[PDB]
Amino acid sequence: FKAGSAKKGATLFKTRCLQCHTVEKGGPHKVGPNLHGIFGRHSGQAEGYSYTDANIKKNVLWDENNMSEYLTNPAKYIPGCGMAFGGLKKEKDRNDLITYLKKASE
């Protein structure tokens, strides 16, 4: 991962993630967990959310690379429902998004 446009990323997040995730500090959980402070913890540790994916529950240390990989698969399992579009297949895309998430999640 190499920094990109936080500005493009912000639009990515609003159009592809924000329907399931907030990022503001102390923001509420929705279908997915609030993501504030995501790059200072492991996976599966948002306060007041309880997780389903076995790998997220092993508590991976979130960094840029790990996250880029995580978001690479266009589909994602939404418990009890099925597969949803939760990924950016394009590299450039993730670099933009992750650049925004770093900032806005802090």
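Throughout, we count residues from 1 along the sequence that is shown.
Query raised in the report: Of 96-104 and 1-9, which one has the bigger average CA B-factor?
Result: If you average the C-alpha B-factors of 1-9 and of 96-104, the larger mean comes out for 1-9.
Query raised in the report: Mean C-alpha B factor from the entry: is it higher for 70-78 or for 45-53?
Result: Mean C-alpha B-factor is greater for 70-78.
Report task. Ordered by C-alpha B-factor within the chain, which third holds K25? Give me lowest, middle or highest, please. Result -> Highest third of the chain for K25's C-alpha B-factor.
Requested in this report: Among all modelled residues of this chain, ranked by Cα B factor, put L88 in the bottom, middle or top third, i.e. lowest, middle or highest.
Outcome: Highest third of the chain for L88's C-alpha B-factor.
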